[PDB]
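One structure is given here, and the rest of the page talks about it.
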Amino acid sequence: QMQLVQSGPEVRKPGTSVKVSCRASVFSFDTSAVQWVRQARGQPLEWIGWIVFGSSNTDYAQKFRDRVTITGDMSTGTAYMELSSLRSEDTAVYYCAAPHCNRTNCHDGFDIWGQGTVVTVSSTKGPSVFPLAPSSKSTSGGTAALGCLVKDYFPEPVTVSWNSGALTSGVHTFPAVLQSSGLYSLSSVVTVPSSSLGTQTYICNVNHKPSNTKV
Amino acid sequence: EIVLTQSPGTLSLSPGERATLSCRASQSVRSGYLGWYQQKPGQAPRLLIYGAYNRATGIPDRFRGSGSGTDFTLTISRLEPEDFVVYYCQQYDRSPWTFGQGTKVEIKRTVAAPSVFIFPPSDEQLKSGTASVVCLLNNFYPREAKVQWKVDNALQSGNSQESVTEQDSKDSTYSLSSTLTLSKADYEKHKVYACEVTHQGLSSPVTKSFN
Amino acid sequence: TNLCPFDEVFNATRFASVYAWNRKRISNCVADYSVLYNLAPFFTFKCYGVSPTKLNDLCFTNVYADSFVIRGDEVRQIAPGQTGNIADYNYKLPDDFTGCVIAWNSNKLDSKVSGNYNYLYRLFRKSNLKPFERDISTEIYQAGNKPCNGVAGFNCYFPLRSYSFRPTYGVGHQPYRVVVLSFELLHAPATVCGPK
């Protein structure tokens with residue numbers, strides 16, 4: 001299937017250079033074009049940032065064109081994008097889009113898209129776990145609830161399971177939020193009947209890949 | 001630069017109906033450089049309609065394009081539920097290209113009542129030197145709630161954050177969590193922590209607390 | 001003795017582009033190709049339908065001369081049976097061509113202080129050019145299925161770009177002037193002969 005491969009994630013400091021690539025096979029026909037879009041968490045798409053391979057002509061937005069640049073290369077068929085003077089408002093996913101084109105004629109719309117690239121601007125740290133023991137006052141008879149709280153972790157490839165993976169239902173994992181310090185903290189709960197309390201005894205299981213820590 | 005303004009913010013319907021969303025513009029645009037997109041949260045957007053009249057390859061025959069000049073609209077034929085996602089419009093005709101705000105479509109159901117479950121801080125967290133109070137709300141349809149903490153009858157705010165999940169695949173409800181981050185300096189003094197729950201479905205405001 | 005005019009052809013002040021090459025018809029003179037002042041920047045010499053050794057013993061009716069300026073890594077496209085961009089959209093030779101192709105370095109004239117932009121070449125076109133055809137159209141090119149309405153945009157581009165000749169460069173980007181000669185012989189009182 002005709003797709004556009006992109007680069008991997010990358011974390012940078014408050015103020016540096018960043019480079020994201022977008023390689024494809026249709027980028028060697030002297031008529032190909034490719035734009036760059038950006039979407040934050042919740043916020044909609046942002047801009048155009050397009051370039052035509054061949055008669056190289058760039059056209060940027062208004063907020064940009066002071067710190068961004070786009071280049072092209074027909075030998076390998078890979079586009080590039082550089083953004084200097086990074087501040088703590090550019091943490092978002094970047095996309096790559098391009099239409100299907102022959103050596104003489106293009107299409108009439110953007111068909112092929114990419115995958116995405118995550119960019120974060122902060123420091124580094126190590127994860128932590130804390131219990132959330134069930135309260136005996138919140139139980140109403142056959143309907144209880146409990147969970148586990150996770151705090152103080154900079155990267156967010158976090159996954160949470162229950163009953164050593166021998167459980168599928170009753171799981172409600174909430175997304176993560178960003179604290180004022182710079183570390184994330186999510187929370188997860190499980191809805192089990194109160195009749196099972198005092199009979200089924202278990203704990204929670206978490207995992208963080210860039211630290212390899214499990215409890 | 002030309003600005004787009006999608007009027008319908010949210011549009012709730014039932015599976016097996018018809019929905020009509022529009023994406024107007026300020027100035028006049030050419031009806032040859034308009035494109036619609038479809039995006040599921042957690043994926044990559046794809047192309048749906050190009051040229052405002054033509055469909056893309058593989059797209060089912062239920063998305064019809066209409067509108068010209070200054071007003072454009074997208075009509076849904078039959079809602080077989082796999083497409084409760086956000087839609088966007090783009091105008092790549094002038095030099096500055098812009099996008100839209102966003103139109104999300106959700107499923108309609110009966111108004112339910114949320115359940116309250118409060119949790120006091122943990123012992124290990126207190127031994128570590130921190131504290132947090134969590135008040136959980138589960139199984140409520142209307143995505144418009146408000147929780148106001150009562151710390152010794154003193155209205156608190158600011159130091160609180162909320163995270164909401166998406167709709168389920170069985171009953172399409174929501175769940176809300178709220179944390180109350182405070183230090184041990186203010187934990188040994190105050191002991192009353194109420195969670196005032198005020199919701200449209202709940203006729204009587206439920207309030208749980210502890211000591 | 002009434003030599004052929006080759007001074008203003010090989011020693012002109014400024015040449016033309018590749019899409020608007022000139023064509024001068026030389027006639028009624030003696031072919032005296034020994035006074036080219038050796039074309040000091042080591043000019044090359046390749047003939048296809050004639051022999052360099054014995055060619056002054058043939059009387060031709062008319063001799064055409066073309067002149068343009070191309071880059072260094074594109075001189076190999078001026079030959080019968082060649083594909084590319086300067087061999088399909090700007091200048092093309094037939095399959096049975098009788099003549100010679102001359103080229104020498106001109107990096108000391110077609111270069112100025114930090115950028116020289118006065119030479120163009122066609123990049124987009126509908127179909128390929130037939131042999132010996134010149135096009136000077138400056139219209140817009142459609143690469144889709146919608147009208148352009150005379151304005152550059154998404155699927156409508158411009159078919160001309162510059163060359164950016166600079167002094168400091170490689171040996172494959174310096175400009176090279178090319179002159180193509182074509183010999184013609186038909187049932188006419190031919191007067192263009194050699195020294196004899």
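All Cβ positions, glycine included, derive from the backbone under ideal geometry; neighbour counts span all protein chains shown. Each answer follows from the model by the rule given with it, or from the source it names; nothing here is a laboratory result.
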Mind checking which residues of segment C:136-183 are within 14 Å of chain B (Cβ to nearest Cβ) and more than 20 Å from C:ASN85 (Cα to Cα)?
-> C:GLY144, C:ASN145, C:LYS146, C:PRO147, C:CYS148, C:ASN149, C:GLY150, C:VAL151, C:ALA152, C:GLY153, C:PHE154, C:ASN155
Among the residues of segment B:32-47 satisfying the criterion of being closer than 27 Å to C:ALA152 by Cβ and more than 7 Å from every other protein chain (Cβ to nearest Cβ), which is surrounded by the fewest Cβ atoms within 10 Å (Cβ to Cβ)?
-> B:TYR37
Just one of (1) assigned by TED's automatic domain parsing to the domain that holds B:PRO15; (2) surrounded by fewer than 17 Cβ atoms within 10 Å (Cβ to Cβ) trips up B:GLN91, so point out which.
-> (2)
Condition test on B:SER12, is it hydroxyl-bearing (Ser, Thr, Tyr), without any contact (Cβ under 8 Å) to a residue 60 or more places away in the chain, more than 27 Å from A:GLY116 (Cβ to Cβ) and surrounded by 12 or more Cβ atoms within 10 Å (Cβ to Cβ)?
-> no
A careful count of residues in segment B:116-148 that are in contact (Cβ under 8 Å) with a residue 24 or more places away in the chain and closer than 20 Å to A:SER180 by Cα gives 6
How many of the residues making up segment C:103-140 are among the hydrophobic types (A, V, I, L, M, F, W, C) and closer than 15 Å to C:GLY72 by Cβ?
-> 3
Within segment A:30-49, considering residues that are assigned to a loop (DSSP other than H, G, I, E, B) and under 14 Å from the mean Cα position of the chain (by Cα), the one surrounded by the fewest Cβ atoms within 10 Å (Cβ to Cβ) | A:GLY42
Out of A:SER194, A:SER161, which single residue is outside the structural domain of A:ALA92 (by TED's automatic domain parsing) and in a loop (DSSP other than H, G, I, E, B)?
-> A:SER194
Residue among B:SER132, B:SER175 that alone is buried (at least 18 other Cβ atoms within 10 Å of the Cβ) and touching a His at 6+ places or on another chain (Cβ under 6 Å) = B:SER175
On the given criteria, is C:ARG71 crowded, with 16+ Cβ neighbours inside 10 Å and within 14 Å of chain A (Cβ to nearest Cβ)?
-> no
Would you be able to say whether some residue in segment C:154-161 is aliphatic (A, V, I, L, M), surrounded by 13 or more Cβ atoms within 10 Å (Cβ to Cβ), in a loop (DSSP other than H, G, I, E, B) and touching a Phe, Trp or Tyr at 6+ places or on another chain (Cβ under 8 Å)?
-> no
Matching residues in segment A:118-154 - criterion: being among the β-branched types (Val, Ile, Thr) and within 30 Å of A:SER84 (Cβ to Cβ) = A:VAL118, A:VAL119, A:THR120, A:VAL121, A:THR124
Note on segment B:53-89: residues on the phi > 0 side of the Ramachandran plot and away from every other protein chain (no Cβ under 11 Å) are B:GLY67, B:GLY69
Residue under evaluation C:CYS29, criteria (1) touching a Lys or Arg at 6+ places or on another chain (Cβ under 9 Å); (2) within 29 Å of C:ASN2 (Cα to Cα); (3) surrounded by 16 or more Cβ atoms within 10 Å (Cβ to Cβ), criterion not met = (1)
Close pairs (9 angstrom Cβ cut-off, 6 or more residues apart or separate chains): on the phi > 0 side of the Ramachandran plot in segment C:124-143, assigned to a loop (DSSP other than H, G, I, E, B) anywhere | C:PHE132/C:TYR91; C:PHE132/C:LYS92; C:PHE132/C:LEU93; C:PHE132/C:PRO94
Checking B:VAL206 against (1) farther than 21 Å from A:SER187 by Cα; (2) touching a strand residue (DSSP E or B) at 6+ places or on another chain (Cβ under 7 Å); (3) within 11 Å of chain A (Cβ to nearest Cβ), which test does it fail?
-> (3)
Mind telling me which of the residues B:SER183, B:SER160, B:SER175 ends up being under 18 Å from the mean Cα position of the chain (by Cα) and of a type outside the set (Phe, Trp, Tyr)?
-> B:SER175
Restricted to segment B:105-132, and to residues that are within 11 Å of chain A (Cβ to nearest Cβ) and either among the hydrophobic types (A, V, I, L, M, F, W, C) or in a strand (DSSP E or B) (or both), which residue is farthest from A:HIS172 (Cα to Cα)?
-> B:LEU126
List the pairs whose first member sits in segment B:184-211 and is within 10 Å of B:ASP152 (Cβ to Cβ) and without any contact (Cβ under 8 Å) to a residue 60 or more places away in the chain, whose second member is surrounded by fewer than 11 Cβ atoms within 10 Å (Cβ to Cβ) and among the polar types (S, T, N, Q), and whose Cβ atoms are under 8 Å apart, counting only residues at least 6 apart or on separate chains?
-> B:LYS191/B:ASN211; B:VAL192/B:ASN153; B:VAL192/B:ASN211
Among (1) surrounded by 14 or more Cβ atoms within 10 Å (Cβ to Cβ); (2) farther than 21 Å from B:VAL164 by Cβ; (3) in the same structural domain as A:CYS148 (by TED's automatic domain parsing), A:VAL215 falls short only on (3)
Among the residues of segment A:167-187, is any more than 10 Å from every other protein chain (Cβ to nearest Cβ) and β-branched (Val, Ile, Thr)?
-> yes
Examine segment C:163-176 for a residue that is outside any loop (DSSP other than H, G, I, E, B) and either farther than 30 Å from C:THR98 by Cβ or of a type in the set (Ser, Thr, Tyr) (or both), and state whether such a residue exists.
-> yes
Picking from B:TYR50, B:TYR92, the residue that is without any contact (Cβ under 8 Å) to a residue 24 or more places away in the chain, facing chain A (nearest Cβ under 8 Å), more than 24 Å from the chain's Cα centre (by Cα) and within 30 Å of A:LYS63 (Cβ to Cβ) would be B:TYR50
